Amino acid sequence: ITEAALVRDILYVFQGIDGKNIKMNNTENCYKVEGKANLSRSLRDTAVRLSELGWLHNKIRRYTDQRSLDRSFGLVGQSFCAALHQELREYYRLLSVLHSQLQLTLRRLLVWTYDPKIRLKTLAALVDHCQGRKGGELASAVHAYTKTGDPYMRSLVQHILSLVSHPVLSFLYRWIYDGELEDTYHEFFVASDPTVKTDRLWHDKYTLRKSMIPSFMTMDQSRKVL
Amino acid sequence: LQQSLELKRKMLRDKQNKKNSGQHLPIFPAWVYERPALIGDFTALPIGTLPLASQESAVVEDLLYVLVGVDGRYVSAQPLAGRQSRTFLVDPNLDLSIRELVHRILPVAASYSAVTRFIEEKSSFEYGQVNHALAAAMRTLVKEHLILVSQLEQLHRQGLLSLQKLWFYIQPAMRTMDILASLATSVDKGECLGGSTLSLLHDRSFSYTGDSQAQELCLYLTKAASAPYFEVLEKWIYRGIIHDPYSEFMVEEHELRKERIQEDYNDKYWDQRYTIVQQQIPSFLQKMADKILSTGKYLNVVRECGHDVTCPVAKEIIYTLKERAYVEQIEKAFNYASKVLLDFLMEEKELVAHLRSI
Amino acid sequence: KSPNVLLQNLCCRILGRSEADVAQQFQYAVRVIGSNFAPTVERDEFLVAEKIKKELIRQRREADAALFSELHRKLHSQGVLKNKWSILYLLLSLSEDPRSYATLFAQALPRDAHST
Amino acid sequence: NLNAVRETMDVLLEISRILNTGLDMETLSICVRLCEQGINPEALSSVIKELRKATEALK
Amino acid sequence: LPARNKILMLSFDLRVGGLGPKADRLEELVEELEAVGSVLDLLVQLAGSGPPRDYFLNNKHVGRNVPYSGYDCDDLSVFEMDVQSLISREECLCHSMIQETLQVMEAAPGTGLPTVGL
Amino acid sequence: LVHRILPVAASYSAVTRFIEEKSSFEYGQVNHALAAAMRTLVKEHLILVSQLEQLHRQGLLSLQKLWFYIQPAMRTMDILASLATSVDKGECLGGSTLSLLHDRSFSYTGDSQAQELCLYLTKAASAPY
Amino acid sequence: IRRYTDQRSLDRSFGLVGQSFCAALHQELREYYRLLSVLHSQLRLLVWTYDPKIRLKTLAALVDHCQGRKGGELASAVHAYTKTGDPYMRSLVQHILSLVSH
């Protein structure tokens, strides 16, 4: 089979879309190659190497494919998913640019990757570790991936965490300034006690819930705002 | 391959227990380590019975793939795929003249596979920020190798690359790859992470002084690796508080109040609670090693007795070849810390009246 | 005329101060207009015509909006001006309102359709 | 001012290097000493352009 | 027409062909050149008639912090020109090395020795 | 890929039916103003597709480029389609479809792309009231 | 010369002046690979092959004179081996002496 077909097929495999010389879409838990030309590393090794970019695409799109139909995930998890819409948008932008310049091997498209698969490598942990986290337990689960030693990665999740920390800078702007907060999904640490409206108000109806504290506030910082 | 996954977990428990600001220290998932399709390190006839002037071209194409880890057609990567070393087997039916030249070109191939496996496996969290940065600056040279072999493929399509031309072109990067792979083997042998492979780089930068092809490489790699260390040092020098999520720093913070409390009957806070580690010093801070500990410990014993103060000035400085900017900054903050502690001590709860009344 | 010598003519028009009087504004001018000298977005005169319509809606004049179309017919009839996108986009940017949102608005395409 | 004329001589070197002029340091030193007199530079153009030409005419 | 303006008009022409920070250095130079004047008027007549990597360009893995600027990945093609200028020099050399010696292997006899011209 | 792009066409028929049926005098003064500012969002989609048409006419557009261009407006049309279904299903009219807009503007703040849509629809629909 | 200079790059008991000597020899080796690149593209040429048949002799002679050295005796077998009047060898020693003295 011809090599000029392989580049346009693996292009689609990046998007997760079906190919024609590769009929796998992570169906056998990964992509394998159908059809030979007796090329043992230029139809086999390179193709299997590049198909895992599409495997990572399947994962990162799969999470968003459910969370956008999940209406009980908070509003800090649905801003996390809104920074995870952007991370699909940029992937499409890269694919758009490469598609025009394909009009043939390009070192089997390894010029345009290897800087790709650093963001995917980081989000493969953000889309494995964060599963069933909403509220301030998520703002500590994106705050543990900002201790990374690579200067690329630390600023990568300082972008994600700049976006994620916007509702918590509006919950913190109305537990302080308005002084009363109200949410139906608890993303903040006020745990109100119902039918406390009398002179047990100064003593009760506020308990520091300890599954919604972010990790950019230590314990004392949350002990004062209450 | 199988061996690394053990070591990672056993090391992971230690730094997690040790530091109380380093809690729930994470790991990347298992597929990141398992599958080798996430690096570059992954018609068909016996070429020796063929005419000669096709053998060289076939081998040039295969070997050009081999250099960036993609295992070729007539060159097979021999099955071990462990340590910072790899071997390859070229065809024996190949003509002796061509095969001998292939052997001469092959050291950079092993010296690629070793490098890229280091960049995946030793960028995990337990190896800490400095080993992460060292791998991340090895990675840019790997990227440059990739950039090279793309253009050289176009040259081979044009009937313009020969094996003698290929050897000639790969000679300047062969030395660079050689330095990187030797460094990775050394980091594995001493189990060096944090500062023990910040002293290794510091010695290596002095070692090459007659070549200057390798010396600038080493200077670049230690400039890359010293940036996370100097952050912790900047915190420690201008304050008395560090965070140190994975252990790379000479100072460690112990917690005791269970024996002595409300007063120090031996000055435990001021003596041994903040102790030094002689094996994570980058061996250019070794001349300052006592003064570094004292500079922040004096801040602790002034900010605790009731005081608030910050940096003289903020300087973010890095490694320079044979040269030292940090000596001056460490001295200038040390004298300043002693000065503020002395002024506070001789006026607030003053010692003079105490000694008079003794 | 070549652009670098042209901007001091511009500054002699705007300011009342000669080209041997001020060189500081010309320094700011050479910094800003150069290295932003290539079009980084797409250019077509149809779009800026449909945005001059959108400005004249914001003036609540529809009689001038229907003469501007016959002016745009004239612009096609002469056909001797090099870049028609640029001058209309500039006079549009410097428009004044005799007295909003743009996240649902489109702009020029970002040359992500561009190929080498 | 004696420190200043050295610094102005050193800042003058780069714009004669990057503009692809015929001058290096020695011609710069000669021409800066000539310009301090009051000699017209539009004439010095021709003597430099002909000193660099007359050697190529021999080859 | 001033003296410092004539350096600025060529800062622009620097900026047209890339090389931003070089023009950014030139403009740091023009404020001290005039806050000697007759030399730069000689520099404009010789302007172009004379005789004829870095780890901070497209890397973001160095730095104590980096600014995050998203994917671009279309300057990796002008990182190939960064190498293409090198390998196109090392093949122009081989064209001027085969020429200068095939011109001596093959020529009319008596032209490689002037003493045979007597 | 064509399957993936088709819901913005379903969310075009959806969006266009509301502007016809819900501008009349059987749905109160607010529904007139609301549907008459939902029309603007159709107008800007027409603006977009003219731009696409020119480059496509010169042989320069591709399906991959088209997808990238239409994704933000796909989000826009999706918000309008869900809102139109909800206004019809509860038979919302008068001020009962100024409670829905009030809720939807509060709902999103994750990107402020949808928040701007609903704030615009509220500022236009709240004028008669 | 290629054998000796690669053997002493697997040696660290050869000193750091020996490593400068060896770095210089690597760079001298590079030009002889340049020649053999040009010639491989063409695949009697005596005139081609006469000029390095003088050059490689003096380099191997320089290697053989500096047999088993380090330090100031290698700077007294590379500087004590500059006592010629042959300008072709005078050019050869610079690009070796310069690295050794550093």
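Each chain gets a letter, A, B, C, D, E, F and G, in the order it is written, and its residues are counted from 1.
Here, a contact is a pair of C-beta atoms (placed from the backbone, for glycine too) under 8 Å apart; a residue touches a chain by one contact, two chains touch by 3 or more.
Both chain B and chain C are touched by A, E. Comparing the CA-atom centres of all chains against that of chain A, the greatest distance is found for D. Annotation: 66 Å between the Cα-based centres of chain C and chain G.
Spacing of chain D relative to chain G, judged by their CA centroids, is 41 angstrom. In whole angstrom, the spacing between the mean C-alpha positions of chain B and chain E is 36.
Separating the CA-averaged centres of chain A and chain B is a span of 28 Å.
Looking at chain A, one finds that residues 93, 96-97, 100, 111, 115, 150-152 touch two or more other chains. The residues of chain F that reach two or more other chains are 62, 65, 68, listed in rising order. The residues of chain D never reach two or more other chains; the list is empty. In this structure, the chains touch in the following pairs: A-B, A-C, A-E, A-F, B-E, B-G, C-E, C-F, D-E, E-G.
If you check the complex, the residues on chain C that touch chain E are 3-5, 8, 19-20, 23, 26-27, 30-31, 33-35, 37, 116. Across the complex, chain C is touched by residues 41, 44, 47-48, 50-51, 54-55, 60-62, 65, 68-69, 73, 76, 112-113, 116-117, 120 of chain F. Chain contact summary for the complex, chain B toward chain E: residues 133, 136-137, 139-140, 144, 147-148, 150-152, 155, 160, 169, 220, 223-224, 227, 230-231, 316. Chain contact summary for the complex, chain G toward chain B: residues 16-17, 19-23, 30, 33-34, 36-37, 40-41, 99-100, 102.
Listing the residues of chain E that touch chain G in their complex gives 93-94, 97-98, 101, 104-105.
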